[PDB]
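Remarks on the structure that follows.
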Amino acid sequence: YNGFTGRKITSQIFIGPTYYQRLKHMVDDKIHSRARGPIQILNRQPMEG
Amino acid sequence: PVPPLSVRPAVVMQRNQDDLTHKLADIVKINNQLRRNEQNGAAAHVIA
RNA sequence: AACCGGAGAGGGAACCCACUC
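These protein sequence lines are chains A and B, in that order. If you want full-length UniProt numbering, it's the 1-based position in the first sequence plus 1028. Just so we're aligned: the second sequence equals residues 254 to 267, 271 to 304 in full-length UniProt numbering.
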């Protein structure tokens, strides 16, 4: 049944229990930005990482 | 020519000199040896 | 009865693992 309207979906849905895994690649461990932070010492370009 | 300190900076904490500074040191050290050696000893073999 | 702030240090080399194709 549609969750918003309540009308039953015209097609039939394949459903059942399956074993899922959560991988370690979270998003809070990847998001970052920069706006004039630290600078290298040899050539005065922004750091890496 | 020997470059300035910007070309061959020295790190503060692990002063550890640049790979270029050590080569500069070898150059100047052997230069003094040869200079002095040919100044007095002039042995014509160690000069080679 | 009488002033009372304030910074500055972390760099490089090498290796390994992993990710998106």
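Don't be surprised by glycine CBs; every beta carbon is placed ideally from N, CA and C.
By the DSSP assignment, the alpha helix (DSSP H) with residue i in it spans what residues?
i              : result
residue 306(B) : Nothing about residue 306(B) can be reported from this structure: the residues present for chain B run from 254 to 304 only.
Just the C-alpha distance for residue i and residue j, rounded to the nearest angstrom, thanks.
i               : j               : result
residue 1054(A) : residue 267(B)  : 33 angstroms
residue 1077(A) : residue 1052(A) : 19 angstroms
residue 257(B)  : residue 294(B)  : 30 angstroms
residue 264(B)  : residue 279(B)  : 16 angstroms
residue 260(B)  : residue 284(B)  : 18 angstroms
residue 1035(A) : residue 1060(A) : 43 angstroms
residue 303(B)  : residue 282(B)  : 17 angstroms
residue 1073(A) : residue 1066(A) : 9 angstroms
residue 1075(A) : residue 1068(A) : 5 angstroms
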